[PDB]
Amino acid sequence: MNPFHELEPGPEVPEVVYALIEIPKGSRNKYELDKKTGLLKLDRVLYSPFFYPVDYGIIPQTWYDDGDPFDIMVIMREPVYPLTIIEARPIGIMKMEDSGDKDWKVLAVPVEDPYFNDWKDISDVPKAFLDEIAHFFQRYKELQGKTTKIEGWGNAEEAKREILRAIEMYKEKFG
């Protein structure tokens, strides 16, 4: 029972996808779905006193250029628990490379929080909030000798194209 393989990418792809959350906002512990058992695993404790600024996880049945499930960041007011599924509306995409392939990350809002009803595109997000997320990813591995370049942000349409591409990559890899 590995929810990464068992759940479909979403109920109305790519307008609404499922986000399987691994890390709640506010966590300094970096969790991930164990590849084998699908249990939650501690990947590492961040080397710096930083916390995930968003609920962070993966879209089920996706694969990406970086050889991982496609990352998704969901803006939740109250963080969820790890392994919670959220119906999420993609509104943009963070463009970054940590190495050699794209490690881009979808930015999304919960469909079922009315607070975010008018958040439909990247332009709807407060600039300082985008800058805080980009900064987190730019620096959170700095003490691990890792450097990352944030290229910028793409819009909702680009996010949705990339989601479809990641769904196709998963089908091509696993069938």
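The first residue of the shown sequence is 1; numbering continues from there.
Comparing 48-56 with 112-120, the stretch with the higher mean C-alpha B-factor in the PDB entry is 112-120. Averaged over Cα atoms, the B-factor as recorded in the entry is higher for 102-110 than for the other of 128-136 and 102-110. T148: CA B factor in the highest third of modelled residues in this chain (values from the PDB entry). In the PDB entry, a CA B factor belonging to the highest third of its chain's modelled residues is recorded for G67. Among the modelled residues of its chain, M96 has a C-alpha B-factor that falls in the highest third according to the deposited record. In the PDB entry, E12 places in the highest third of its chain by CA B-factor. Ranked within its chain, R28 lands in the lowest third, by CA B factor from the PDB record.
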